[PDB]
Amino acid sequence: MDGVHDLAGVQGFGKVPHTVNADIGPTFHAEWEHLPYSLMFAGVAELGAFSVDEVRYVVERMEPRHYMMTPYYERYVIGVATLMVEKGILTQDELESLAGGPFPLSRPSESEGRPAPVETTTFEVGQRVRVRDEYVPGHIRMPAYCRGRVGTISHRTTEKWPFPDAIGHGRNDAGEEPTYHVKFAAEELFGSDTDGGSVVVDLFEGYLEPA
C-alpha cells in the first residue's frame, strides 16, 4: 500500500529528536502505553483473532492525516481497536460508550490482499536481483524506494514465514517463504541525492526476480 507510512526517502523533515546517549526516560511515559502491545499479543496469542501482520496493515489503514498527527503508541491503540471491531469481537458503540466520546478507527481495507506468489526463485548469496516492478494496494513489506531497483543478496534466511501480502489480510494462502537481505548501493536508490553508502532491505522471496 503506497500510504503515507512509507516514509523512507521523504524530504522536508527536521532533526531527529535525540542526541546520542541522551535520557529517553522510562519505557512507558504514560500509564496506558503498555496496553497497545499487550492487547495486540492477547489478540494474536490468546484469542487467535489476528496476526501481527494484520496489526501493521490496520495501522497503515489509518486515514493519512490521522496517521500523521497521531503518536506511535496511540496508532496501535487505534489499530488494535479497529481489528477487534472488524473481527466482530467488539463494537465501536461499546468502545465509544466506555471511552466517553469519539473513537475513530482505521479505514476499511480496499484490497482483499494477494496469495503467496506461485512462481519464485531460490536465490544464492552474491546473486544480483531486481525488486519486482509491482504495485500492491494491500499490505506489502517492500518500501517503495526499492521497487524496480537492483541489488545483491547478502543473506538468505534459514527460516521461512507467511507472505505478508496474504497473512496481513487474514488469508488462508500465505504459504511460507524465506527472506533475503538485499544490498543496494545508495546511488541505486537515490541517485546523487544521498550521503550514504549502502542500504540493506529484508525482502520476501516473492518480491524478487533475477536481475
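We number the residues from 1 along the sequence you see.
Please compare 140-148 with 29-37 and name the stretch with the higher mean C-alpha B-factor in the deposited structure. For C-alpha atoms only, the mean B-factor is higher in 29-37.
Determine, for stretches 57-65 and 43-51, which one has the higher mean CA B-factor as deposited. Per the PDB entry, the higher value belongs to 43-51.
Maximum C-alpha temperature factor, selected from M84, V131, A116, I78: That would be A116.
Chain thirds of CA B-factor: placement of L95: Middle third.
Third assignment of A166 from its chain's C-alpha B-factors: It falls in the bottom third of the chain.
Assigned third (lowest, middle, highest) for the C-alpha B factor of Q11: CA B-factor rank for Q11: lowest third.
Using only modelled residues of the chain, where does the Cα B factor of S111 rank: lowest third, middle third or highest third? According to the entry, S111 has a C-alpha B-factor in the chain's middle third.
For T70, the third of its chain into which the C-alpha B factor falls: CA B-factor rank for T70: lowest third.
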